[PDB]
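Here's the structure, in structure tokens; my notes come after.
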Amino acid sequence: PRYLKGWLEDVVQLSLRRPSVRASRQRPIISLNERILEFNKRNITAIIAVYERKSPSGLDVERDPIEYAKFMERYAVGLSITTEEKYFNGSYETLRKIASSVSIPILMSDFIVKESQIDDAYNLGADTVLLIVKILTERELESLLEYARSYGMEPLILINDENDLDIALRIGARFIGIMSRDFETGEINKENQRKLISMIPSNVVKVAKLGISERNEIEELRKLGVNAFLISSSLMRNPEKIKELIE
Ligand SMILES: *C(C)CC(=O)c1ccc2cc(OC)ccc2c1
Numbered sequence: 002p003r004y005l006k007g008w009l010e011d012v013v014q015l016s017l018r019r020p021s022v023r024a025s026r027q028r029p030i031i032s033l034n035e036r037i038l039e040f041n042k043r044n045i046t047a048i049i050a051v052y053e054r055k056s057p058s059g060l061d062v063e064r065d066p067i068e069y070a071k072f073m074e075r076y077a078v079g080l081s082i083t084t085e086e087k088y089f090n091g092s093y094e095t096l097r098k099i100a101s102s103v104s105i106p107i108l109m110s111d112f113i114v115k116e117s118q119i120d121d122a123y124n125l126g127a128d129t130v131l132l133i134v135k136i137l138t139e140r141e142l143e144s145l146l147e148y149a150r151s152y153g154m155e156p157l158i159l160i161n162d163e164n165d166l167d168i169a170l171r172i173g174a175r176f177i178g179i180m181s182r183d184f185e186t187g188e189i190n191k192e193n194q195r196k197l198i199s200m201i202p203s204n205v206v207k208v209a210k211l212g213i214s215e216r217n218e219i220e221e222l223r224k225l226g227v228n229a230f231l232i233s234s235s236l237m238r239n240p241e242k243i244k245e246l247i248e
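For the sequence shown, the entry's author numbering begins at 2 and goes up steadily by one.
Okay, structure coming up:
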């Protein structure tokens, strides 16, 4: 991994030692990026609803994962399950249960630094994984992209700035997430997110990552070429908001 500071360095070290699972998935991969493109054709706003109890951004709640997932199955293009334990209060069992409770595609959301974490995602039923440019060297990111693809996954490669984008495009990312919160400052920076979106070629499926959001903002971003929205806090706090965000 990169040499990092603070909580991000800590979560990387923890991830390096994450024990792997032994499990068999129950169905083939369903492509998340392809379903997004289907929703786009039909002008159905494509929201990837996040299940996570906690975040360093300030979310800290309890909610039954299966009840949340079954509600979201009706509306969301896919679900993202944050499996990082220490900072996000996630778990592999949470992913397993959700992926086994609904029919729509599943993103595993964690700090992936080794191949066995991709094995874990696949074996627990996820359809794809998040890879984060900032935490990996370019060589590591390239290798993990290839490894995900060897399972039939197209990972969601998460960028925070132009430097991250340069790397992601060079290695041929086809599914890019654009953060709204800055790793360096801890602050929401919506202007930077829109700039980055405008730098991504049309052949890449683009996902805007958001905690709080509102329908107005979704419409504007869609206008700018965003294909889908990865939304956490506001849906964890009020699940029914997704209906207003897509209608
Ligand atoms: C996405 C799974 C997480 C995300 O974008 C995020 C969460 C929390 C957080 C905290 C920061 O400083 C405390 C910076 C960035 C950041 C990003």
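Beta carbons: idealized from backbone N, C-alpha and C, even for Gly.
Residue environment, residue i, which counts as buried when at least 16 other CB atoms sit within 10 Å
i	result
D65	exposed
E85	buried
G153	exposed
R19	buried
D165	buried
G91	buried
residue 271	Residue 271 lies beyond the residue range present for the chain, which begins at 2 and ends at 248; the question has no answer from this structure.
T129	buried
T83	buried
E53	buried
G173	exposed
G79	buried
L246	buried
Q194	buried
Residue nearest to residue i in terms of C-alpha spacing, selected from the options
i	options	result
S104	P57, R175, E241, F72	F72
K87	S101, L108, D61, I107	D61
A127	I177, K55, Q118	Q118
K42	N228, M154, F184	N228
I213	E10, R18, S181	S181
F230	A77, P240, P2, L15	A77
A24	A100, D167, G173, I198	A100
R3	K135, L15, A47	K135
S234	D167, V51, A174	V51
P57	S81, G187, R36, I49	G187
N239	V13, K6, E63, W8	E63
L225	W8, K6, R75, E192	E192
Distance between beta carbons of residue j and residue i, contact taken as under 8 angstroms
i	j	result
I113	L145	6 angstroms
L211	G178	Going by Cβ atoms, the distance from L211 to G178 rounds to 10 angstroms, so no, they are not a contact pair.
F89	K115	The Cβ separation is near 18 angstroms, so there is no contact.
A70	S102	5 angstroms
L170	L132	Rounded, the Cβ-Cβ distance is 14 angstroms, inconsistent with contact.
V22	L125	6 angstroms
residue 265	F176	Nothing about residue 265 can be read from this structure; the chain reaches only from 2 to 248.
Review point. Hey, is the region 31 to 43 in contact with the region 196 to 203, meaning 3+ C-beta pairs nearer than 8 angstroms?
Key: no
Review point. Counting Cβ pairs, one atom from each stretch, are 3 or more of them under 8 angstroms apart for the region 88 to 100 and the region 214 to 228?
Key: no
Point to revise | At least 3 beta-carbon pairs within less than 8 angstroms: the region 40 to 56 vs the region 135 to 145 | key: no
Point to revise | Minimum length 3: unbroken beta strand (DSSP E) runs contained in the region 82 to 134 | key: 107 to 110, 129 to 133
Practice item. Any chance you could list the beta strand (DSSP E) runs of at least 3 consecutive residues sitting entirely within the region 129 to 182, in chain order? Key: 129 to 133, 157 to 160, 176 to 179
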